[PDB]
Structure formats: C-alpha cells, structure tokens
Amino acid sequence: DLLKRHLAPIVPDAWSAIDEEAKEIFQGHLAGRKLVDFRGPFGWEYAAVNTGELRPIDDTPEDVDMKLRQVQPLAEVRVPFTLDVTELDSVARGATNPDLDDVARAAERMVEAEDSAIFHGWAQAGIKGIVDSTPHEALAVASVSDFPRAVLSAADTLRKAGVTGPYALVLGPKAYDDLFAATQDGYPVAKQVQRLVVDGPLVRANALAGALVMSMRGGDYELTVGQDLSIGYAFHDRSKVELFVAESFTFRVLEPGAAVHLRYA
Amino acid sequence: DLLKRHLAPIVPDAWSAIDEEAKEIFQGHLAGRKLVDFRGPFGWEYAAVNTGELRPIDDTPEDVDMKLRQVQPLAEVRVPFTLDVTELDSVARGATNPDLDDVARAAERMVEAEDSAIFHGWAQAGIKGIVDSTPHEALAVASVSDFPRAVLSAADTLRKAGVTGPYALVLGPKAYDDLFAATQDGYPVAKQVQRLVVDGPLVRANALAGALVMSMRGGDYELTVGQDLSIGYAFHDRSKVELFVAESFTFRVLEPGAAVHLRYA
Amino acid sequence: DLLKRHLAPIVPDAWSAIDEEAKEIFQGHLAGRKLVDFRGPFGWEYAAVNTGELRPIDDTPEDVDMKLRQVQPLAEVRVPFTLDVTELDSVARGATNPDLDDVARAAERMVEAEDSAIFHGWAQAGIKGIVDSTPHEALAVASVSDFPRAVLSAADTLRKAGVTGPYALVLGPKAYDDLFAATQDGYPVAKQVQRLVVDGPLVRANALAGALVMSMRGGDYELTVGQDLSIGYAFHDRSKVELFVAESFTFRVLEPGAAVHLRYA
C-alpha cells in the first residue's frame, strides 16, 4: 500500500498497460539480474545487508573488547514521470496504443541506474560494482577477431586466481554489435566465441564499458533487492497524473577477483 | 449469400478448382498476414475499426463539452475476372487443367493491393502502411554483405526507441534473392543473418521496397479483415462468366516506431 | 470505472440523492427516448453506427473496384457542474433536502442537448434530426381548433408517402399547453385529438418547435446510445467538488418521410 495505486484516477486496464510497458523493458534490458546472484525481494522494511564482518572500535578499556557489526544499507531510488489523464482514459474507450512514452523513459532510466551501479558502482550509495573492484588488469582487445584468444586469456587469469566454474562473456552494446556483425574470412567470430564460453546466449549489457568475463559458479556477486521494481502513484492534477518507478536495492562484490574487464573492441 | 455463388453456371468441382487456384496463391503470396497482428474475419456488416480516440469539436457552448469518436472505416475491394464456361465444363468431363489464368491474375492483383496497402499505404482508403509511417530514417545497406551489421543497427534503433521483443527481417524480392544468392568468402550471408534474427524463415515480400526490420512482440500493427478473401459471381453470358475476388479490410499502424526501413541491397 | 466515482469525497447516500435528482428529470423530460427506436446502451468503447452504405472511391485503377464503408461516429458530451462538500455531508447527518440545484441544471442541459439533436439536428456532430430532414412541407395550424383536421391531413400525407402504422402527435410546450387548455363550445379539443391518434398520452416535447406527427410503426428513427446518461467525478477542492453528466450518443433518420412538421398553434 506504499504505492498508493488505488488513489490514482487510472482505470485498471490503463494500469495493466503501464505495467506491461514497464515490464517489457525490464525483462529486455536488465542484464545484471540475469548474471549475478539475486537475493529475493524482501519487502519495504528490509534495510541493510548483513555482511558478517566486524570492525574494531578504538578507545576501549582493557577489561572489555568491543567490535561493531558491519552492514550495507540499501538504497531506495524513485524516478518520477507524468502521464495525461485523457490518454489513460482512452484505453477504457477501446484504445490500444495510449501515449506511454514517459513510462518507457522512466523505466529505462531506472534500468540505467541499477545496471550502472552493478557494473561501475555508485559512490553516493556506497556501492562498488564489478568493473571498478576487480583487482586484475583489463585485457586489451585490439580488434573483434582478437575476441577468442583474449577470452581464453581471461579464463586463464580466473583459473590462476582460483576462480573456477564456467565463465560467461558479457558485452557492451558496441562490443556486442561489432562481435556479432564480424566475420573472419567469411566465418563468423561469434560462432567461435560462443564455442569458447557457456552454452547460453551471450549477454548484451547496455551499461557496460567494453566487455567482461565472469565466473558463473555462484557466490561471486550478490544483488539484494528489498522492494522490486514497482510503479506507484504520487499526485494528480485535473489533466496530469504523477507516477514513479521505485526500487530498493544494493549490490555486493563478494569476490572481486571473479571477473576480468576487457577494453572495448 | 452476398457472393451469389449458387447462381453461377459452374459445377461444384469447377468451383473447387477455382478456389484451390486462388487459395494456393493467397497462402503463397500474403506476407502481410503472416507478420502483423490479424483481427479475425468479422463478416460483411463490420464497417469500421474503433480506434478509441476522441476529437475536440469546435464551436461548442461553455456549459457543454462535446467530443467526436474517431474510427477507421474499412475498404471493400473487388477485382473482376472472367472465365470460359466451356473450360469450366471440362472439369465435369474429367479434365484436371482447365484454363484458370484469369483466376490467378485476379488473385495476385488482390494480393498486390492488400500488401501494397500494408507496406506503403493507400491514400484513397485513408490507410498508412508500415514503411510510410515509421519515424526513423531508413538505414542504407550498400551491399548484401552489409546486411548483418545493418540489421544489428536496426535492432539497436528499436531498443533505443523502446520497442523490445524479437525482431524479424522482411525482404523485398530483389533483397531476398540477392541475400540468399550471396556468399562471403564462400560462407553464405543468409546463415549469419538468420542467426541474427528470429528463428523462423525470413519472409519474402513481393510488395516491399528494400527491406524492413520489425518487432514481433505484438500490438504494433493490426490488420482488420471484415470479409476475408472470397470469390463471388457477378454475371454470365452464353459463353463467358464474370466473377470477382472480394475483400473488406483496413490496416492500422498502432506504433509507428516499431519498424525500421532498409534501403535496397 | 471511467466515471471515477469512488474517488469523490461523497457519502453513498449523497450519491443516491444526486442520482435520484438526475433520474427524475431524465424520466420526466426525455421525450425523444420514448418515441424513437432505441438501440441499447453499448458501453464506452462503442464508437460508431454502421449505416451499411458504401461510397465510391475516385481515382482507382480499372482492374480493381474500391469502395469505402460509411459510418456515423457517436458524439460524447459532458456537461460539468459543481456541488458544495458541506451540503453533501449534510445528508450523512440526516438532512433530506441538500442543495442539488446544479445537478438539476446540468441534467436539464443534457436533456436539452440530446432532445435538440433528436428534433432539430446537430451540425457539429454531423446529426440531422427529424424536423430538419423531413421532405414534406410543414402544415400550418392557424388555431388550436385547427388541430384535429390538420392532424388528419398529416396522416393522409404519411399514407400517401407510403408510411403506414399508427401515427403519434408530439407537441411543443406552447402547443401542448394551448391544446390542453382549449375548449371548442365547451368541448375540449384535446379529447377529439386524442380520439384521432394513438391511445397513449400525447407526448410533450420541450425542445420541439411547433408540433409533429410521426409514424410509430418502428424502423423510422433510431437513437443509438453508447454510454447512457451518467454522473461522474472530475475533481474536488477543500470545499467544492466538480462532477459531470456524461453521455455518448448519435441519432439517425432512417426514413426522412416518416414524420410531418406542424407549425405552432
């Protein structure tokens, strides 16, 4: 009831239309949720992730030893958007293409925020992502044909760093497009690369600079979601209605050495 | 009974022969019906598609607000053709190849009309097609080998425009022939292109200029058919019998930004 | 749910009071709905009436014949009004005469709009009424005593025009008052007139200029109502609440020669 959706001047079918418009973008753009570990939605009142460490408190007496637990507080993010009440009424009159452009804009903005956090961190929320926290040095992939061998090198790094398990290749939009549009003497590079990596389709990540190789053994990267992506009502005028996309989440790099960055090719 | 078929001097087997000749062409040339949404045949008395919008009426008093509903009236199209009564009698005498050339000519003319409407519109009937109404700028495919990368670019456009879902590639006759006859260093381009798009066979569209990429998520383009393609009787002489192919249809572009044109390669 | 009534700061009993105030006026002033054919309320998404005709499209090729279906799009009309929240609260405190004057004003305004459309048309909505579309010439009724004979003449016209069936006499307010207040040598004219027409009570129409005679055989005039007369909520202040009366309707003159106008007496 924190979304206050029943207070909106919106017919149920328009609610379904907005939800479908957002959900299609979320399932078609959330690369992070498909490749890291995901701790299920815990609700609104889930506040922080228990990391398990302890911090030694200075200036304590000798007869007592005092330590402070360490936690990772979640970040709650809301992106507002606005819709026309007449457009939403249209769907009650049988219309099937109401103007839901701002719904898509806000949904992609939220996807951008969460994925940029997952990959390249978020200093304000105290989140370090996969790329900004790996200790290895990023491989250089001079050309698209360099992708197979470089990928193998990455895997070697992960085996020499102790990180076993099948390794997935994640591609930024430029990298994904160039790899899948490339042929080596007619033979497509993507076929060889897919032979060298996990059997699943290669993940295209919009918010990833260059490319990445990461272990999928599990337990390396954990995304905690308190309140999953939701659409809620804020206010409304005679003609304009204000909604928001809301999510409470945090991201933890359990094993920083479980992924290797690859500069763009 | 609007086709008045029982009034024709045609034996039932000749009716079946004409129907088969038309139906084979319809299933082998109707590309539009296989790639857009199709609202089922509603019958003869289905007049218009309810778009759901409202139009503000000018010059109205202050104490009243008046709006006019908006609809898309269907177009009813008949193409006549003529057959020899003796040729149609032949099939009652065991003949299996009666001269049904005009049946094929009329059937392909109707296919041409409907597909040209679907792709490039029809101003007289107030129909805008997929190509004439997309807002993006058509990609340039200089050569057949340019097809993969260009296709990827198209998909990128659709993802940046919010149009998710699997993307199908539709080919004009020239484009289809050149793509499927082409090899890059021996490797066929069509294999790579088919790897880059939906798993179904690529659709060849005779009435398409260049090529097209379009989302198949559904809800983007809607073809409404009131009366499906039918053969009806008009008049007959001592030797000549006049029939027609009849169809009542309209086509709506729900989301103009759901498809990208590609100039021919 | 297009009326959004559950969002209003109005107790259920005040809703019932407003509905009763409107419904009494609607049943006591809607003359059109009692004398024309009425196609039932089809809902909000019913857009247009299928007239059944076809229009020949110019500039079409010879091998194809193209015709456009003809429809009559409905008109959606909303008249706003405003009520005091304190007055509506009074009914929760046992009050039985809350100030619902604006409810009556809006209800009579809507009755005026619909009946004026039915009788004298509405150019903006593309509606022709009964009076403006009859082909005969309006009879002249010099005095109230002229009513019987003139009425008979009207019936004669309808029989000579082929329009059979019992004929009803509809009276404008001036005509109704003058006829029912008139006596010929003590004998009331209304008795003779009622003997000459259908057994039902003569209909008083507020929005009718002069009088009218019309066949009640059925199939002559058709009123289509998509959304029937309803009261809906628009907005509200701390003290003021805005509602509206809403209706989607259109009116069709199937047989223009089925009624005769009579100039006022």
Side-chain angles (χ1 to χ4, degrees), chain A residues 5 8-24 81-107 231 233 236-243, chain B residues 37 39 48-58 60 65-73 126 128 133 135 162-163 217-222 224 250-258, chain C residues 1-7 41-49 71 73-78 80 125 225-228 230 232-235 244 246-250:
Chain A
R5 277 161 56 113
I10 297 182
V11 294
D13 293 6
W15 266 130
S16 294
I18 290 150
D19 287 346
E20 282 330 284
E21 168 105 338
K23 254 32 163 203
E24 97 205 350
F81 61 103
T82 323
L83 296 183
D84 248 351
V85 185
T86 43
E87 293 278 346
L88 298 168
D89 294 339
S90 300
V91 345
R93 277 184 208 94
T96 38
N97 46 331
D99 186 15
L100 306 190
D101 66 333
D102 231 359
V103 186
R105 181 206 59 61
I231 314 278
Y233 161 77
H236 78 269
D237 248 353
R238 257 169 202 99
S239 77
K240 282 305 334 163
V241 50
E242 332 198 90
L243 314 172
Chain B
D37 299 335
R39 285 209 300 133
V49 168
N50 163 39
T51 84
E53 290 69 0
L54 284 157
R55 200 70 39 220
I57 295 163
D58 52 350
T60 198
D65 184 273
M66 206 198 234
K67 302 262 208 33
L68 220 33
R69 285 295 278 268
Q70 303 286 280
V71 288
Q72 181 80 346
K128 302 342 315 173
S133 83
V163 197
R217 75 191 162 149
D220 329 293
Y221 302 98
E222 193 252 309
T224 315
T250 207
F251 175 59
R252 265 179 86 216
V253 178
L254 300 164
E255 175 45 56
Chain C
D1 217 277
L2 209 31
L3 300 170
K4 329 259 191 59
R5 277 161 56 113
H6 80 113
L7 289 189
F42 299 120
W44 284 100
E45 285 303 83
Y46 182 95
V49 168
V71 288
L74 268 65
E76 162 134 347
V77 53
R78 276 167 191 217
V225 152
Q227 169 65 20
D228 217 349
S230 307
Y233 161 77
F235 205 54
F244 56 82
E247 208 210 17
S248 73
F249 81 101
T250 207

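These numbers come from the heavy atoms of this one structure, side chains and all, not from hydrogens, waters or symmetry mates. Residue numbers begin at 1 in each chain, while the letters A, B, ... track the order of the sequences.
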Is the closest side-chain heavy-atom distance between C:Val77 and C:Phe249 below 4.5 Å?
yes

Answer yes or no: is there a donor N or O on one side and an acceptor on the other, between the side chain of A:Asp237 and the main chain of A:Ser239, under 3.5 Å?
no

Nearest atoms (heavy-atom pairs only) where B:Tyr221 meets B:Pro256:
OH-O, 3.8 Å

Locate the shortest heavy-atom distance separating B:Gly219 from B:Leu254; write the atom from each residue and the value.
O-CD1, 3.4 Å

Do A:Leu83 and A:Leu100 have side chains that approach each other closer than 4.5 Å (heavy atoms only, starting at C-beta)?
yes

Exactly one of A:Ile10, A:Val103, A:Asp102, A:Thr82 clears side-chain contact (heavy atoms from CB on, under 4.5 Å) with A:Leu243, and that residue is A:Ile10

In this structure, CG of C:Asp1 is separated from CH2 of A:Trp15 (nearest 0.5 Å) by 12.5 Å

How far apart are the closest heavy atoms of A:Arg105 and A:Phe81, and which atoms are they?
NH2-CB, 3.5 Å

Worked verdict on C:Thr250 versus C:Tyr46 for side chain to side chain contact (heavy atoms under 4.5 Å, CB included):
CA-CA 11 Å; C:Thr250 207; C:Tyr46 182 95; over 6 Å; no

N-O pairing of C:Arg78 and C:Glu76 below 4.0 Å:
yes

Polar side-chain atom of B:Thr60 near backbone of B:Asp65 as donor-acceptor pair, under 3.5 Å
no

The reported gap from OG1 in B:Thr224 to CZ in B:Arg39 (rounded to nearest 0.5 angstrom) is 4.0 Å

Heavy-atom side-chain proximity of A:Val11 to A:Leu88 below 4.5 angstrom
no

Do A:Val85 and A:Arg238 have side chains that approach each other closer than 4.5 Å (heavy atoms only, starting at C-beta)?
no

What orientation do C:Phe235 and A:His236 show, parallel under 30°, tilted 30 to 60°, or perpendicular over 60°?
perpendicular

Using every non-hydrogen atom in the two residues, find where C:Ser248 and C:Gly43 come nearest and quote the distance to one decimal.
OG-O, 4.3 Å

Step by step, work out the side chain to side chain contact (heavy atoms under 4.5 Å, CB included) result for A:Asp89 and C:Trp44.
CA-CA 10 Å; A:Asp89 294 339; C:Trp44 284 100; over 6 Å; no

Could you state the interatomic distance from NZ (C:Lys4) to CG (C:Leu2), rounded to the nearest 0.5 Å?
6.0 Å

Validation row: B:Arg252, A:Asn97 side chains within 4.5 angstrom (heavy atoms):
yes

Taking the side chain as every heavy atom from C-beta outward, state whether B:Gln70 and B:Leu54 have any atom pair closer than 4.5 Å.
no

Between B:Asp220 and B:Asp37, does a side chain to side chain contact (heavy atoms under 4.5 Å, CB included) hold up when you go through it step by step?
CA-CA 8 Å; B:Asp220 329 293; B:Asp37 299 335; 5.6 Å; no

Scanning both residues in full, the closest heavy-atom pair of B:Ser133 with B:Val253 reads OG-CG1, 3.3 Å

Going by heavy atoms in the side chains, are A:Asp99 and A:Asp84 under 4.5 Å from each other?
no

Where C:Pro73 and C:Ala48 come nearest, the two heavy atoms and their spacing:
CA-CB, 3.6 Å

Audit row: B:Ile57, B:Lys67, side chain to side chain contact (heavy atoms under 4.5 Å, CB included) steps and yes/no
CA-CA 5 Å; B:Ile57 295 163; B:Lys67 302 262 208 33; 5.5 Å; no

pair B:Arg217-B:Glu255: side-chain heavy atoms closer than 4.5 Å:
yes

Tell me if a side-chain donor or acceptor on B:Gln72 pairs with a main-chain N or O of B:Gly126 at a distance below 3.5 Å.
yes

